[PDB]
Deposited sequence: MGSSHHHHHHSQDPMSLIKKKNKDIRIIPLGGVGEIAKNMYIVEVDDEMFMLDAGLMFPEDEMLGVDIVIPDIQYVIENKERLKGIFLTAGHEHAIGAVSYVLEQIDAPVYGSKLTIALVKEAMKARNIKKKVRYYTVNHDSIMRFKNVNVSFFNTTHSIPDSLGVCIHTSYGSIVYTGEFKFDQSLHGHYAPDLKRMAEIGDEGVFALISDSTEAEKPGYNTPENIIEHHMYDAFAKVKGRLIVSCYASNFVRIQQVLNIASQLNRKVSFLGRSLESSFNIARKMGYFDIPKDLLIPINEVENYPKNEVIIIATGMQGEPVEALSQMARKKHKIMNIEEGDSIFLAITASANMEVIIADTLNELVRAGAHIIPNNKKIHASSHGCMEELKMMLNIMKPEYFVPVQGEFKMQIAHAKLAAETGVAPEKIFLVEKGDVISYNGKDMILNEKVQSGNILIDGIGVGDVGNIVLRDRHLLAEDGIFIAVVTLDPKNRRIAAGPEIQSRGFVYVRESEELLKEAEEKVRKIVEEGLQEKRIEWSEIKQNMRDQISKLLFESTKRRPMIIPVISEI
């Protein structure tokens, strides 16, 4: 006669607000706690002797008996970079797409962590049933395939976390978004939407990837010597574009960086790339070709591309350095990174390299611009809105979009790390803080 109902909700960012990476959002529904993403951030300019930055999870450790799962939206560093460190401290099942799980398993192997982990590979048809709530998933579009949003069903309506996403009609297959499923979620009733603010300041739409690839062909066709493309190892779309263009221009492709080899190998075995025969060469073989017959994709050792480019520009790289007359395509900017980018570009000009200019007509990111964020807000029609994944100015820009779409302004929460947004069935409040912070890994 009595149906179980939910009473108290908590939403707590431990990473990803006040900054551009390191997503980690804790959602509690009564006595069940869920961790949404567990990303890393690369060290800020002002940091020395540091490899990566991860969230402080002391609040989760203090309450770990209630942690029911870790839910990972995609296989990029902003979503999974901290997972291995989390798993060394707490035990919970790990839920993610086929690709995301394979990349997490590789990361655990790479750090030689042998604890038993309960992985669950989910897809957009999966419904994971807990005591208090059910969790479902929906395909999103990103630069890595097999990305998923997370939908926590409550008796107040859904709590939806988008992860990182954009909308681009030129991406299909494992990049295609679940627009019909998202409309169903919005119609059934969304209590709170937690959405990516990274490009909320940028009007219009991201430039479609087909048009980006056309522009890359035109730029690459003009390069007279070697080309170095600097991008994230998780930018599979960009890697695929380079492979296609290299084939068209009779250039070979070689990977520089442990991050790329690893992620590419896994993704290739699983079928995620279209790779012509004889296109890929070992980095050791690059110097055996004419300069105009090679493209080097340079990701970082830990996945940070700019650090590797800086090493190459100063001729400090262990494996391969920049030479006069090389050309650079920089396919990666946050407040955290603006200084190293400026210094690296100066270093490259000093070394006699040629930076391929950005096209004014082109805006390339993995994150929705204003119209894409408004599309998500209009589909989901949330009662409350929590903009995340951004510096505070980005969160504010995203809050402005939500107000434009009709979210009540007093139901928009602009949060800092460690803030607790809480609901008791009557009022949504911001009246508590938990421990949070940046953990430095060396």
Missing C-alpha coordinates: which residue stretches of the deposited sequence does that apply to? 1-16, 349, 460-571
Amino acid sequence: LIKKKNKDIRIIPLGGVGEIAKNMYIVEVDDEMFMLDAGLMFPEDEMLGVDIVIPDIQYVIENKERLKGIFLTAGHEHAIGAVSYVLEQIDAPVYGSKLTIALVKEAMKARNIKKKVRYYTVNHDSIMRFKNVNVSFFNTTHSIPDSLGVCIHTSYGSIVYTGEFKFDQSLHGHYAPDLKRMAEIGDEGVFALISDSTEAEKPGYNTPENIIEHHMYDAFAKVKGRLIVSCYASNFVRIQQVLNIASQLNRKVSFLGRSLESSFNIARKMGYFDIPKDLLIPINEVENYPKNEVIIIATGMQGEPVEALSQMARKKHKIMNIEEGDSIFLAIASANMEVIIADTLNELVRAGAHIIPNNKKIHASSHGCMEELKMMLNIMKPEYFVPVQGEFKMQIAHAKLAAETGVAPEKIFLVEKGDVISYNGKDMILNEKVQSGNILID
From here on, numbers count along this sequence of modelled residues.
Looking at the deposited entry, does 44-52 or 31-39 carry the larger mean Cα B-factor? 44-52
Higher mean Cα B-factor in the deposited model: 374-382 or 22-30? 374-382
If you check the C-alpha B-factor for each of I144, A342, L72, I295 in the entry, which is highest? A342
Sorting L99, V349, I80, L309 by Cα temperature factor from the record, which one lands on top? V349
Report the third (lowest, middle or highest) to which the CA temperature factor of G157 belongs, ranking only the modelled residues of the same chain. middle
What third of its chain, lowest, middle or highest, does the C-alpha temperature factor of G149 fall into? lowest
Please rank the C-alpha B-factors of the chain's modelled residues and tell me whether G173 sits in the lowest, middle or highest third. highest
Considering every modelled residue of the chain and its Cα B-factor in the PDB entry, is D91 in the lowest, middle or highest third? highest
Pull the Cα B-factor of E304 out of the PDB entry and bin it into the chain's lowest, middle or highest third. highest
